[PDB]
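Okay, here we've got a single chain as structure tokens, the form deposited in one PDB entry, with questions on binding and movement later.
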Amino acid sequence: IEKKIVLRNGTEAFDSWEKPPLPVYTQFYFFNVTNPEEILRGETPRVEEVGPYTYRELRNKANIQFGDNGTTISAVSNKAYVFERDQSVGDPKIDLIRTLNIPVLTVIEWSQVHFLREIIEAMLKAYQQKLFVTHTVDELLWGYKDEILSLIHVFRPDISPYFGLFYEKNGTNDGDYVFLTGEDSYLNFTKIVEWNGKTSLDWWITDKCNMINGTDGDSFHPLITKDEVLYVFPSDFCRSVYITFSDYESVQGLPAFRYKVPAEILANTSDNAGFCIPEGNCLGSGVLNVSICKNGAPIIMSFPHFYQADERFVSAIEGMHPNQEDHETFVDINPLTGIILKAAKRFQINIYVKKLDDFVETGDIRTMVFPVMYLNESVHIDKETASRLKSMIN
């Protein structure tokens, strides 16, 4: 019998939940575009992998308020990134990556449908823009100021002049959570009962696809069994996800279940039909159109190098060489305590791009899902926390 693991002040679990002792690392990998003018004339894109750029994460919960007798708890997870130079391939402020111009592809999408109405497109033809641009890794991640966005900001202050993939994500949270702690049942430990004051999502077609299942992914309920499926809600992924048992593992001195993300998640099927907007029509297996959660931006999520995806996605881009061991998402969980020992959470950011006759910027470019960057969010238990854990077992 152990629930030493519940969120209650003074307990083992709560302190660890509030200020995680295990350091998490996020490393970024970029795809440098080697043939922009040839792509614009309709040839196959050739890219180059650049990285890692390693950032150590700072984690803790704020806004903590207990609720409902000690069954529920409200919190926000703040997260910050500290760059590690010696563990990275180079200095992200010096290093240049050439890739798609995301701000202008974004406002274009905004023009055809109207998030921004059509009419200020006349900016684009006033100031002509290149589809492929060159910025530093630091500019691409943490933001830079854009010509066209700046011009719009004048008329629409609600719209930011700045764009970055992770822009204004440093030292902030993903929004308001209320977590279900474990004292009604150990099973429902650190389970998510709401996000921004709503119990389900807006975005997806089906009821079911809009469901929020599982934990935030940083931990799991104790006494996990091999047979059972484990649910996660990665907010940034804009949908719930489950992982399934793969193998038995050992991390440090501790036994572990190896849970991985199955191919069922991104496959074009059945249950996943609700993720294809607007009608049940999917780009294919292995991709997720997140435009809805990404502010109307033509962003397509996928796994690194289109791992677990239709091959035509891989074939479309020269330089995509997917493999299981490098690009898979796995989590090694201590079965008894539901604690994560080792994990690699990996996913890719891509951009949908197609030829447009109203926009000369698009040229003759092929219709494809264009890779920009992927990442590995990892954690590894040290031996002093491990051995202390393995004596605490008894």
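Note that the rigid core is defined as the largest set of C-alphas that superpose within 1.5 Å between two forms. For every residue, the number given is its place in the sequence shown, counted from 1.
As for the form deposited in another entry, it is not shown, yet the points below apply to it.
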property	result
Position that moves between the shown form and the other one after core superposition, taken from 102, 316, 292, 254, with Cα shift of 2 Å or more	254
Threshold 2 Å Cα movement between the shown form and the other one at residue 227, rigid core reference	yes
Core-aligned C-alpha movement of residue 348 between the shown form and the other one reaching 2 Å	no
Core superposition between the shown form and the other one, C-alpha change of residue 81 at least 2 Å	no
Change in CA distance between residue 369 and residue 118 in that other deposited form, which is 3 Å or more, as closer or farther	farther
Cα-Cα shift for residue 353 and residue 236, closer or farther in that other deposited form, minimum 3 Å	farther
